[PDB]
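Quick note: the coordinates plus some simple rules give every number you see, no bench work behind them. In this analysis, Cβ positions are derived from the backbone assuming ideal geometry, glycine residues included, and neighbour counts consider all displayed protein chains.
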Amino acid sequence: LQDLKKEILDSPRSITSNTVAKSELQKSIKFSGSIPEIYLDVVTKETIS
Amino acid sequence: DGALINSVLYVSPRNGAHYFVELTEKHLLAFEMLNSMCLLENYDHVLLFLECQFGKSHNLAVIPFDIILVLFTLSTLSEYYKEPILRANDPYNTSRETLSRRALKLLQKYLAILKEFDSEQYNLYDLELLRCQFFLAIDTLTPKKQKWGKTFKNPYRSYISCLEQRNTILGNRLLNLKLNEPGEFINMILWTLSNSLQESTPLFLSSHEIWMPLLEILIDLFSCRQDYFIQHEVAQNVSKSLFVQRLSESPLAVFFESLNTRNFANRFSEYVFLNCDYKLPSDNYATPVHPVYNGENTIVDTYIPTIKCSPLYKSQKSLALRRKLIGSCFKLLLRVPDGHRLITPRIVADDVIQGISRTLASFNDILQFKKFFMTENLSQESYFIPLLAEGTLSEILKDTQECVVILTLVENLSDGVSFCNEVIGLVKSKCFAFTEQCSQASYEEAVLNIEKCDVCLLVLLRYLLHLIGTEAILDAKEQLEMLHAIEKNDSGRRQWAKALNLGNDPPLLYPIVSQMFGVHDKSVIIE
């Protein structure tokens, strides 16, 4: 059980719906300003238009 | 003048309006459809209805006056402070444009169509109906009595208007209702004129995107309504006393009645050039300004301002708006018979000219002065710009030189020889030339006055060329002597330039005169 636990410890122990898209939009923003997170959230969560 | 003011073939004059036009079946159906769509708050479909048949057919779709008021109210709902409300109203932005922007574009395009009546492009009946709708909207937009700081009438009984049951479009009160308040119309004008030159992003967005275009549309519509009132509402032949009373009831008279204040000349001069480069004279009291529609001075977090405008662009637009306001004021003033003065508005042409001249002479920045005195079309602003230029030149000569030479250049525009002789007389007196009295310490202020005086002379020369053309520049010895006197004035300025008080060369008008009518510096650079 100890050796099995050692391999289990190697395995990670204890939402991100649009985190990657919002992060990539934030990195390439070409804007020196506040850029509030609400704007990024509304832009990256359209899903319709 | 044009067909716009002289087309009364299909009009049905009524007690309320002399321009009333009856509706045909197709126009009635269109009006009913637009009102029905407006009732369901489906503004996107209303804009689509207006845009889909715009310019694609010989016939013209006439926008109803209530729909015109709805578009005016929509124009106030800018994205920068109303983005969530607009997104909620139209979650699928199929047009990819703000409702306010689409409404403003439609209003400007329809105003452009109304300004020139193309009988070949559009049938006269549709053009007259559109003129009637715009005039009804202007009559509903009548300003209330000025405050220092009846609900709805439908002329057409064929259909029920959407505005009868509602006073707000998307949480914003109707523009006609908002402007029909004692302290709102003047407040709106002061707010837009102050925010025209404001560096603050919310204030700049509030006027540049909303108030500046709406004010321009209102000024153009009021000018057209004034032309129609003078053409038809008057009794033609008059005893010169009833005409003054009718002019006091003119739409421009009501428009400027809301800006009468206590003294029209000084307060009007301060209002038109509010927040400009000129130093405020006599510590005039500050004019209160507040946002018209809730938080116009706030930007919503969702909107991101990604547009930057250069100070020159903002100054050019602001000075153009100021020129339009001054032109409307002078257009109202010129109709007044000589000797008689208007009763309801305490306005005098001489007082306005003196106030504008005092404000222009007080400018410490040449760029704004040039923007005010440079116009794309001389004929459009020919009635008041020469008078302002002459007054500013007279005041500059009065402050710079102890001797005030009376200027008759405006009446001398008719004869080039008289104008050139007067210019020779003025330059001989050395009033036009740099003054030796001015100290070396205040050389920059003297140069600032001289360049403004040169700008005024250039404007007068341009008007003289517009009135007489180029026919006797060298054939008449008087014009050649005037050019030689200009060269002598240039030599006088060069004397101070050789004095080497400052590295900057004093402004010389000889190259500009040579480009305009100097025939390449006479013989200096003809070769």
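Figure legend: label point modelled 7 angstrom from the Cα of residue B:92 along Cα→Cβ; residues of the range B:40-76 with amide N under 13 Å from it are B:45.
Average the reciprocal distances over every distinct pair of alpha-carbons in the range B:381-462, invert the result, and give the Kirkwood radius in Å.
Values: mean 1/r = 0.0761 Å⁻¹.
Value: 13.1 Å, from the Cα pair sum.
Quick one: grab the alpha carbon gyration tensor of the range B:152-237, order the square roots of its eigenvalues as a ≥ b ≥ c, and give me rounded if a/c is under 1.5, else prolate or oblate depending on whether a/b is larger than b/c. Taking the square roots of the gyration eigenvalues as a ≥ b ≥ c, the range B:152-237 is oblate. Computed about its Cα centre, the charge dipole of the range B:328-420 is approximately 360 debye, with only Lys, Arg, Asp and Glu carrying charge at their Cβ. Taking Cβ atoms as reference points and 12 Å as the exclusive limit, the residues near residue B:100 contribute a net charge of -1, counting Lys and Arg as +1 and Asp and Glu as -1.
For each of B:409, B:474, count neighbouring Cβ atoms within 10 Å of the residue's Cβ, then give the residues from fewest to most. Walk me through the intermediate numbers first.
Values: B:409 22, B:474 12.
With the sparsest Cβ surroundings first, the list reads B:474, B:409.
Using only the Cα atoms of the range B:345-501, build the gyration tensor, take square roots of its eigenvalues as a ≥ b ≥ c, and label the shape rounded, prolate or oblate: rounded if a/c is under 1.5, else prolate if a/b is larger than b/c, else oblate. Before the final figure, lay out each step's value.
Values: a/c = 1.73, a/b = 1.08, b/c = 1.60.
It comes out oblate by the Cα gyration axes.
A cut-off of 5 Å between modelled amide H atoms, ignoring neighbours fewer than 5 places along the same chain, links residue B:60 with B:123.
By how many nm would the segment from residue B:25 to residue B:116 grow when fully extended, if each residue of separation counts as 0.36 nm and the alpha-carbon distance is taken off? Mind showing how you got there, number by number?
Working: separation 91, 0.36 × 91 = 32.76 nm, distance 2.58 nm.
Value of the extension gain: 30.2 nm.
By the helix-only formula, in which each DSSP H run with n ≥ 4 contributes -39500 (n - 2.57) and the sum is divided by residues, chain B has a 222 nm mean residue ellipticity of -16500 deg cm²/dmol.
From the alpha carbon centroid of the range A:16-31 to that of the range B:7-74 is 45 Å. The alpha-carbon of residue B:317 sits under 23 angstrom from the alpha-carbons of these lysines, leaving out residues fewer than 8 places away in its chain: B:105, B:109, B:115, B:279, B:308, B:331, B:370, B:371, B:452. The range B:251-319 and the range B:200-250 have their alpha-carbon centroids 18 Å apart. On the principal axes of its alpha-carbon atoms, chain B has extents of 76, 59, 50 Å, going from largest to smallest. Here's the picture: charge each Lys and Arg Cβ at +1 and each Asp and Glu Cβ at -1 in the protein assembly as shown, and of B:235, B:119, B:245 the one pushed furthest to the positive end of that dipole is B:245.
Remark: the range B:450-457, residue by residue, has Karplus-estimated 3J(HN,Hα) of 5, 5, 5, 4, 5, 4, 4, 5 Hz, where x stands for each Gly or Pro and the curve is 6.51 cos²θ - 1.76 cosθ + 1.60 at θ = phi - 60°.
In the range B:422-497, a dipole from Cβ-located charges (positive for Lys and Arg, negative for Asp and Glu) runs towards its positive end, and of B:495, B:467, B:425 it is B:495 whose Cα lies farthest in that direction.
Projecting the Cα positions of B:408, B:349, B:396 onto the charge dipole of the range B:296-417 (unit charges on Cβ atoms of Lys, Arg, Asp and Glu, taken about the Cα centre) puts B:349 furthest along the positive direction. Residues whose amide H comes within less than 5 Å of that of residue B:24, counting only those at least five positions distant or on another chain, are absent (H built at 1.01 Å from N in the peptide plane). For chain B, the Cβ-based charge dipole about the Cα centre amounts to some 1140 debye (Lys, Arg positive; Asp, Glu negative; other atoms uncharged).
Residues of B:299-307, mean number of Cβ from any other protein chain within 10 Å of their own Cβ, rounded to a whole number? Please report the intermediate quantities before stating the final value.
Numbers: counts 1, 3, 7, 7, 2, 9, 2, 3, 0.
Across B:299-307, the average partner-chain Cβ count within 10 Å equals 4.
To the nearest 20 debye, what is the magnitude of the charge dipole of the protein assembly as shown about its Cα centre, counting +1 on the Cβ of each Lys and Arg and -1 on the Cβ of each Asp and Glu? Let's see the in-between values first.
Working: 58 positive and 68 negative charges, 247 e Å.
Value, rounded to 20: 1180 debye.
log10 I(q)/I(0), Debye, Cα-only the protein assembly as shown, no solvent, q = 0.07 Å⁻¹? With one equal scatterer per Cα and no solvent, log10 I(q)/I(0) is -0.55. In order along the range B:212-223, phi translates into HN-Hα couplings of 4, x, 5, 5, 4, 4, 5, 5, 5, 5, 5, 5 Hz, rounded to whole numbers, per the Karplus curve 6.51 cos²θ - 1.76 cosθ + 1.60 with θ = phi - 60° and x for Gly and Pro. Ordering B:74, A:4, B:242 by the number of other Cβ atoms within 10 Å of each residue's own Cβ, fewest first, gives A:4, B:242, B:74.
Ignoring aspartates and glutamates fewer than eight residues from residue B:324 along the same chain, the ones with Cα atoms less than 16 angstrom from its Cα are B:216, B:220, B:227, B:270, B:376, B:381.
Using the rule -39500 (n - 2.57) for each DSSP H run of four or more residues, divided by the residues of chain A, the 222 nm mean residue ellipticity is -14500 deg cm²/dmol. Derived scalar couplings between HN and Hα for the range B:382-399 equal 6, 6, 10, 4, x, 4, 5, 5, 5, x, 5, 4, 4, 5, 5, 5, 5, 5 Hz in order, rounded to whole Hz, by the Karplus curve 6.51 cos²θ - 1.76 cosθ + 1.60 (θ = phi - 60°), x for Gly and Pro.
Computed over chain A, the percent of Cα pairs more than 16 Å apart is 57.
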